[PDB]
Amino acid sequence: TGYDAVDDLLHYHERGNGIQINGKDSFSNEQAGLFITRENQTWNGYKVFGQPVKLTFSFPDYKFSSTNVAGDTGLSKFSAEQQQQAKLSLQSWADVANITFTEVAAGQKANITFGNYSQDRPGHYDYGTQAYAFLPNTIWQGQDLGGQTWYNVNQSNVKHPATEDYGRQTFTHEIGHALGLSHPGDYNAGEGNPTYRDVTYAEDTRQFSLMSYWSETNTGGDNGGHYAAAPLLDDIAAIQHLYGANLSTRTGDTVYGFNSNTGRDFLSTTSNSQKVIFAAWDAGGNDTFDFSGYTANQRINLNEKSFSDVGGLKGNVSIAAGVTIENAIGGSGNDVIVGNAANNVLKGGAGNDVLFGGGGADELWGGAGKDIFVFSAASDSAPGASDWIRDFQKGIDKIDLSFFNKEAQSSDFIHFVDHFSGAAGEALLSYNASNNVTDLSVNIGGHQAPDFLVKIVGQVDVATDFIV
């Protein structure tokens, strides 16, 4: 049924509680955020949480034969492509928390620096390391190391971060450390041969945080060989904990995915081939998840902290805590689109879709194909704030009310009548041929008047259009 698909999506990646996943404890978004910031180091001071911060960053002009604090040498300044990408990564962090970054001169003192290294000792190239950074307040010999970030330029991803997504992800990850974030676990277990097996909580994967080193597949995600460029779900909780949430970000009407007005490479796509991976942070306005350009079967969940399967990937799109996304457009595959308590505009597109409005006055468009519109509560479409099904096709589309008889464990709870009598479960269809509108009224609660009313554009055939 339509309802089963909805139910499945709503319980996708449940966490916290007393859940155990890979035999490991499950942490909520909030718990994971606190754990990632367990060192309690911030640019505002030790254990100084929630205050905005102003930071400067630069690309020092390092000497090849110079040695850095960690002992690496064969140093060099970030190239133009590296600089470009590092700036995009900084911005991705500035979008979600109250952090202001200002670029200063190669010469001057900066809070955050970027540099490349290539040798672990003079005249000896290192092909085994990737990058490292120091957390704020890292004091060495009366010198603060905090803010320094270094990368192995012998690695092609580091050298060409504009074409190698692991490279862009690395930049974002190192900057994360430079801001006060740690890996989601110490994995101090056994020795120095860490595995996902070594994590503290199940959500320590690249599905939830780019601070993690473990594959998103460990938790059931699949990024299709790609790497997220910007902070993920748990990364946002962590950084907002440190510097507060950025309430100024994308406060107007924003479109994510296709026909994007975000101005963010990681929040936009121009073709079926360009896959999106992101955790959405948005502070206000009427927004839309536009995934109309994808051909795969997608599952879109507009609730806060939930995961979506988009563009052929699995659990690659999520919504941060405290964000309300209002509209969703599916593609040409067979989709499942679940809304939230606000008014939503849900469009299935071609394919056989399942649409669920949830609370509020929603506008549902099945598009082409055989669509199913599901309801599970009288409050889903209360008289006064009714949902509208704008393109119902009789003998083709369906209205799924299966939840009610299922719950009542009775085949006769929901039953169609010619006139209301005040009995609970009574359902009535009123068709207006002059205006092409059918009213579906149901007395779920059993009151003097129906507590559920859906307005449908088109004719509905009671003999074939319902799932009860």
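Sequential numbering from 1, following the sequence displayed.
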| Averaged over C-alpha atoms, is the B-factor higher for 191 to 199 or for 251 to 259 in this PDB entry? | 191 to 199
| task | Give the stretch, out of 339 to 347 and 124 to 132, with the larger mean C-alpha temperature factor in the deposited entry. | result | 124 to 132
| task | In terms of CA temperature factor as recorded, identify the highest of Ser292, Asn137, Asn334, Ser379. | result | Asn137
| message | By the CA temperature factor listed in this entry, which of these ranks top: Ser441, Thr438, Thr37, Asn68? | response | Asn68
| task | Using the B-factor values recorded in the entry, state whether the Cα atom of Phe307 falls in the lowest, middle or highest third among the modelled residues of its chain. | result | lowest
| query | Relative to the other modelled residues in the chain, which third contains the C-alpha temperature factor of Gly358: lowest, middle or highest? | reply | lowest
| note | Split the chain's modelled residues into thirds by Cα B-factor; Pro231 lands in the lowest
| remark: Sorting the chain's modelled residues by C-alpha B-factor and splitting them into thirds places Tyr117 in the middle
| By the record's CA B-factor, is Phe101 among the lowest, middle or highest third of residues in the chain? | highest
